[PDB]
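Enquirer: coords please:
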Amino acid sequence: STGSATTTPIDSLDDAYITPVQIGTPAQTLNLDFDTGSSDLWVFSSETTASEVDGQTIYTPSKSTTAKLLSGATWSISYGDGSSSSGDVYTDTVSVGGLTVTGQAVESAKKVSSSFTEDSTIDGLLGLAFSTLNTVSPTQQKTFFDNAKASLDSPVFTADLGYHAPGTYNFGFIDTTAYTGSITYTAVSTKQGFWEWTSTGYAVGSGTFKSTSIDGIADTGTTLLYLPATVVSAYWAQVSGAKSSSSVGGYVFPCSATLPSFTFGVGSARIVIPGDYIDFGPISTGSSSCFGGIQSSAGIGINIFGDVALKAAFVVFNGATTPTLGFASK
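Expert: Numbers count the residues shown, from 1 in each chain. Provided below are the atomic coordinates:
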């Protein structure tokens, strides 16, 4: 089997991407944030505290003839940005782009933090990291990909995020019309539960490539590119007027600037992020100070190849017995 679904930016900055997901019988369609940095599929629901729902579409399990309470199971998750959610668990039928999994753990939110309430466009998350990170207790549950893997034509999914434009998530097959050149595959460590790999170095604009190993994760659920402070300083030093602002919480730059590209290494290959992808617009409405799309990881504890980096590529998440990542230009 295979599946194919369009993913769409939630706003003009590509702050995140939503993908429609069918849950239950009859189908209830919710728009979920596919997140290769986490492993829980959770939804706003009829159980969510009423004051914490503001415009989201909710899953109502009592209206699904295939929903069943997973007796005694609870979940609770905190994300790197400080947001969180928690609740109870049903199993139900879940379909993405024509690919159906029966018995998928659908984690129903009883509580969500303010940043989720305030984002009316995201109805929940669909985790695509390794199932070892799933938070369901006392019986950990599998991700949608893990459940589908054996039925898929090939045990893979691909991320093709657009720049200010829709893109595609495919399950079970590699669309050879979606990229240019060849796909370069690179080793993955699953020891932290992430799609963790090692970049071979970087370049700033037209500058020379610096060969240096950068360990980090391929994370569709993080907006920006978070890299070591040495690398980030080398980038922003090429932008007149750019500076790190403790009050804003990262590097800012004059909105009048033209930003240079940033290249990252994948083995012997190179992925080029155009400068425009690194502009996240005014820090506040009407400001002439703009927020940078490349930021220091020094306070995180891990480097993060988020959407800024991934949307410059066609990315293969290969879940074969030894997982790997593939990157191609497009």
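
Enquirer: what about residue 232, neighbour count?
Expert: 22 (other C-beta atoms under 10 Å). Backbone N, C-alpha and C define where each C-beta goes, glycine included.

Enquirer: quick one, helices of the stretch 201-330 of the chain?
Expert: 229-236, 307-310 (DSSP state H, counting those that start in this stretch).

Enquirer: quick check: which of those is nearest to residue 187?
Expert: helix 307-310 (17.8 Å; C-beta to C-beta).

Enquirer: deepest-packed of the helices of the stretch 201-330 of the chain, please.
Expert: helix 307-310 (a mean of 26; mean count of other C-beta atoms under 10 Å).

Enquirer: for residue 70, which of the helices of the stretch 201-330 of the chain is the nearest?
Expert: helix 307-310 (31.7 Å).

Enquirer: now for the closest one, which elements pack on it?
Expert: strand 269-273 (3 or more C-beta pairs under 8 Å, 6 or more residues apart in numbering; DSSP states H and E).

Enquirer: the strand it packs on pairs with which strands, and in what direction?
Expert: Strand 269-273 sits in its sheet next to strand 262-266 (antiparallel), going by DSSP bridges.

Enquirer: which outside residues touch the strand it pairs with?
Expert: For strand 262-266, contacts defined as C-beta atoms under 8 Å, 6 or more residues apart in numbering pick out 184, 186, 199-205, 209, 211, 214, 225, 235, 270-273, 275, 278, 294, 305, 309, 327.

Enquirer: at 7 Å instead, please
Expert: Residues from elsewhere that reach strand 262-266, judged by C-beta atoms under 7 Å, 6 or more residues apart in numbering: 184, 186, 199-204, 209, 235, 270-273, 278, 294, 309, 327.

Enquirer: do stretch 220-228 as well
Expert: By C-beta under 7 Å, 6+ apart, stretch 220-228 touches 15-16, 33-38, 159, 214, 293-297, 300, 303-310.

Enquirer: what about the spatially most central residue of the chain, distance to residue 232?
Expert: Centroid-nearest residue in the chain, with C-alpha atoms, centre = their mean: residue 220, separated by 1.8 Å. From residue 220 across to residue 232, the span is 21 Å (C-beta to C-beta, to the nearest Å).

Enquirer: residue 91 contacts residue 71, correct?
Expert: No. Using C-beta atoms under 7 Å, residue 91 is not in contact with residue 71, being 10.5 Å away.

Enquirer: the two - which one has more neighbours?
Expert: Comparing residue 91 with residue 71 by other C-beta under 10 Å, the one with more neighbours is residue 91, at 18 against 7.

Enquirer: tell me the secondary structure at that one.
Expert: Assigned state for residue 91: strand (three-state reduction, DSSP: H, G, I helix; E, B strand; the rest coil).

Enquirer: contacting residues for it?
Expert: Counted by C-beta under 7 Å, 6+ apart, residue 91 has contacts 68, 70, 103-106.

Enquirer: could those residues be laid out in a markdown table, adding neighbour count and secondary structure?
Expert: Shown next, in a markdown table, are the contacts of residue 91 (neighbours: other C-beta atoms under 10 Å; DSSP: H, G, I helix; E, B strand; the rest coil):
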| residue | neighbour count | secondary structure |
| --- | --- | --- |
| 68 | 12 | strand |
| 70 | 19 | strand |
| 103 | 14 | strand |
| 104 | 23 | strand |
| 105 | 26 | strand |
| 106 | 27 | strand |
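
Enquirer: can those go into a markdown table with extra columns for distance to residue 1?
Expert: Converted to a markdown table, these look like this (distance: C-beta to C-beta, whole Å):
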| residue | distance to residue 1 |
| --- | --- |
| 68 | 23 |
| 70 | 24 |
| 103 | 15 |
| 104 | 15 |
| 105 | 20 |
| 106 | 20 |
